[PDB]
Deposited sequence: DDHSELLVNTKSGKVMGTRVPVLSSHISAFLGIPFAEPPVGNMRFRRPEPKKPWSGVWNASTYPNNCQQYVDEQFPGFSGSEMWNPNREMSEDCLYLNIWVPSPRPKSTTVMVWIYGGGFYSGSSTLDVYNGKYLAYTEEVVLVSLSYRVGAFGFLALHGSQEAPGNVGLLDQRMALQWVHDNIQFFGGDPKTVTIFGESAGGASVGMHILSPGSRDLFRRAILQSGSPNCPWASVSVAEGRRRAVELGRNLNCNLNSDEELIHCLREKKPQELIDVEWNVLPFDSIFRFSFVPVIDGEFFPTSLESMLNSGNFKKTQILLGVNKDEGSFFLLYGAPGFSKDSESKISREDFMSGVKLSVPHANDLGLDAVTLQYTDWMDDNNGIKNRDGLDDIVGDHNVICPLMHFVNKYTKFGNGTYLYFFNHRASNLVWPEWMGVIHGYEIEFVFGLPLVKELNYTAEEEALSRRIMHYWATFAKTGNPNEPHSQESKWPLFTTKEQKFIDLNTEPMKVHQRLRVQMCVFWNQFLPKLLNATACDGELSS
């Protein structure tokens, strides 16, 4: 039977699912780790003990314990990112969509979800792998991983809560794909890991981590990179946050053992209820529990690793959206609201830059403000809104990614860069937010192919284009079928726009601003 597969860990039974009036098989909720519960919380994951009998893989698994966004109750725009399954600490599962009939040895794609390392689920509707699996004849895998404190509480030196365990959850699911995807028709010599936001940062982290490099072939990073200012912290900062988390729950703070033991007796929701209270600064686009530069998962600082070529050398395809920042200003900056055009005053602009570059002194805040202000029209509410939007996006997503691509390209075997700037026709978010963080995903997963979702015909055409680029690149290391997406080189630095208009090639993506964020500002904050 097509829905029964014997793996090294046991047999799993899938279910047949309909897709654009055809069908493919889906194996949902396959376990790849022992439930990280009880004394296991905060700890490195353990491989799932083999089982006898047949595992029922016909329904989605629980999503990991996470903060639930309640800003716009029932609003689909934000509801679409929240968990759509009961949450549970028992959440280490993976999902597989397999073309039908079952392939023999085809291209594999492993999706790693974003959500700032504090949230995220593999079961969201925009992450439904059936359309891509089906349209491109690829075996699609979506893994899961512990987020929030459960995944990233870091007390370096201790072995009970070492940090980075959520990264290790990902690595384990990747080890499982490596060990068992052959039974589902997947070629393990050809797996592409791809992810968005924290997922895109994660992908880059596996490219850097020696212990992860051999478990995959190629990589795709969407609006995220490992060196993002919000994606990692030092062991000292990780320690200070774990301790403050402890102080918020009236835990005994005399030893790592006392702290950890106390954190383990707490219900999941108690940790989530105070998670945000440990951030050191008033900020926007910063998360409490994230990966730590520990000397193990990351042997040295990310920058020295990038400088010395200390990373997996292969091909990569990556990019950013036009307005990465709008979503974070809506959520935490004064003057922005979902139902107005959000014209910002100079005062709110300035409190906006303070929030956006939390780690900056007055001279640095003055440098950002001068760089983004049109002084012939300083009180233009729309220019202030838009400037703040670019500040958030440039600093948090775009410029860190450009610094990663330029460092990678000096040693890699091929880079393809994209700029996604299509504002979808059925977007339910206000116009001022533009091409939002996360809104290229639906095109990558091919949602515009389903009529009922109201996209235009040209949007369906763009989706097919992107899906075919993503899968052709996963299969060959080049998105083009043998109109060309030029290779990004150290010299020319070419990239493409990804929208419904005819393809245009440009060069040096936001160089002007990125020289400021990658070379000038860091130097300024170092001298003063």
Numbered from 1 on the deposited sequence, the unmodelled stretches are 1-3, 486-489, 536-543
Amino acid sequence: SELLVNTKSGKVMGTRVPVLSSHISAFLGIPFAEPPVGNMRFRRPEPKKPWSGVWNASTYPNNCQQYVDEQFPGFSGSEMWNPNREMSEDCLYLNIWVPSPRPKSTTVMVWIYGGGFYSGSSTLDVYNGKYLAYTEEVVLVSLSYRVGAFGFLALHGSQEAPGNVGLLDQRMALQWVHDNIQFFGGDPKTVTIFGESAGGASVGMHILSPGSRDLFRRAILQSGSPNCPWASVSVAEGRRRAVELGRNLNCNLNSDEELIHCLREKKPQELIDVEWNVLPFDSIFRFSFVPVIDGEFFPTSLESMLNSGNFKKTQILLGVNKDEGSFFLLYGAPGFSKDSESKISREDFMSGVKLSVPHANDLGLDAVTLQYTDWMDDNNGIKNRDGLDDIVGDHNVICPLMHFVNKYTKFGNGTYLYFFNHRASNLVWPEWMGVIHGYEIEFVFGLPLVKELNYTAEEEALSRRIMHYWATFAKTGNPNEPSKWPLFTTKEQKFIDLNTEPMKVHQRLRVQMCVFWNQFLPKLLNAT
From here on, numbers count along this sequence of modelled residues.
Avg C-alpha B-factor, entry values, 355-363 vs 194-202, higher side is 355-363
Once average C-alpha B-factors are taken from the entry for 449-457 and 90-98, the winner is 449-457
Top Cα B-factor in this entry, restricted to 399, 436, 391, 350, sits on 350
The residue of 158, 223, 142, 227 with the maximal C-alpha B-factor according to the PDB record is 158
Assert third(CA B-factor, residue 240) within chain per record equals middle
Residue 510: C-alpha B-factor third of its chain, per the entry, is the lowest
In terms of its chain's C-alpha B-factors, the third that includes residue 54 is the highest
On the chain's distribution of Cα B-factors, residue 265 falls within the third called highest
Quick tally, chain-level thirds of C-alpha B-factors: residue 383 sits in the middle
